[PDB]
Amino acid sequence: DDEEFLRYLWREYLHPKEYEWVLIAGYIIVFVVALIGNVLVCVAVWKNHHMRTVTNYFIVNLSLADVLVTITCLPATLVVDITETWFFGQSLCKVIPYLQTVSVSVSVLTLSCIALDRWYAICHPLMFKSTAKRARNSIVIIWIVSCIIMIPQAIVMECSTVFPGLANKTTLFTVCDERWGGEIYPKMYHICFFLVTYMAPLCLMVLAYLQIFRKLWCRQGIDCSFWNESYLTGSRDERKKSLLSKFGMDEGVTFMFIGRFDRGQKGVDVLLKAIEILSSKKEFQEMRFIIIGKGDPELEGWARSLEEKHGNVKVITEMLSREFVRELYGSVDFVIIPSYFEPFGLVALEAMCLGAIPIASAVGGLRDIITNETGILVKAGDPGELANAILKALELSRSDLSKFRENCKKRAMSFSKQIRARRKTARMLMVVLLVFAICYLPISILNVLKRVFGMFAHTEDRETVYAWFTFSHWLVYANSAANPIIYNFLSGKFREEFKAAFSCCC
């Protein structure tokens, strides 16, 4: 009667759309999934101390922004897309678009700081001393910048009431939309809006992740299935004696260098000078040197001269197969890596996997790999320091070295594990970036085409354009539901925490 009469009146007022059933269904699904998932992300990182990383701090910030828009903006957007009218008054006409755009800005700047942190950690040779307070300062900056830059958005939003009807106005409708005082202002503002919220951060993040991919996959990594001691037969003593026998050398503490002969990069000049220095001491007779490489013909001549002079020095300018090099690593006592510059100690990791104790310059990746219990670090470029470290290694070799070789093997495996873990994380972040870029493409392009280029002004098919806009709105909100699913599929820690959450209630 009376209650049915009022429902009837709004039905006569509001004209329904044929696709609103799937829109409502999709919004309800995205609402529940985004809410539950992002809440679980937050509680997973907050209640479990193993989740405390800078990346996960940024991920929590992203989930918070997403929860904000899911609770305060998604219902309003659904209602407006269904009814094409603003029922919530003037203040909410300001506030809700402000919250929405602020959350977009927070999201894109959070992804940007994620990309930047990974780039500094991976592509930059240095590392930040601060991790947690760095993330906190970044997050506060992100929110402050986001809230400030979207102030114009809130300023231009206005309620406007339109009175349809020929002569006497019996009905009206209020819309919430941007109010501009000219044709140039919306074009300029929405060009800037597209640049700041979508295009420029996307380009920067794509460049950063290209550099990160190139570093993590093409410039790093060691084939652990090949560089493995399981392929070696017999004990290390037997292999060393067989090696020295085949090389026409007496038994002794065996040092190996492998690399290009150059001046200022791989450091064979430092090694040859250190060998000349050691040649005057009696300990030199207890030592054997295997110098493998090619390059500078003057350094090749110097090395051959040392070989012709000393029976405990052998130089190999021939190209050796990887199986032979693996035999070398698994039988020599020490590998000498006197690089001036060494961004990735690949030789060091390959040698340590096979139990060879590295003696390396403290430069770059060698510093990252080698510790005081897994090798000997020397000042780069100093032949006297290198000779002293070689004498130190001889004195060490007078006793059992097996614990040092085991520490080298464990450290190399652990480093390879870190490399793989960083690869998995970078991959998850790249998927997140790709899904963000897809989810926000339609609305970004449609906003430019409407505001900057003025399309859809006099369109014959306005129903199609309105469907495209409602779809782009929903796709934006579905991004918030998609992120936790991504974390569950591409992160074993998030997956375990989600399983624990869903099991504590079942």
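One rule holds for the numbers: they count along the sequence shown, beginning at 1.
Looking at 454 to 462 and 30 to 38 together, the entry lists the larger mean B-factor for 454 to 462, computed on C-alpha atoms. Mean CA B-factor, 389 to 397 versus 123 to 131: the higher value falls on 123 to 131.
The maximum CA B-factor among the listed residues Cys73, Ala115, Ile184, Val104, taken from the PDB record, is found at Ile184. When the Cα B-factors of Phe173, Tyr98, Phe193, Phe436 are read from the PDB record, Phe173 comes out highest.
In this PDB entry, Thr55 carries a Cα temperature factor that places it within the middle third of its chain's modelled residues. In the PDB entry, a CA B factor belonging to the highest third of its chain's modelled residues is recorded for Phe341. For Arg326, the recorded CA temperature factor ranks within the lowest third of the chain's modelled residues. Ranked by Cα temperature factor within the chain, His310 sits in the middle third according to the deposited record. Among the modelled residues of its chain, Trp217 has a C-alpha B-factor that falls in the highest third, as given in the PDB entry.
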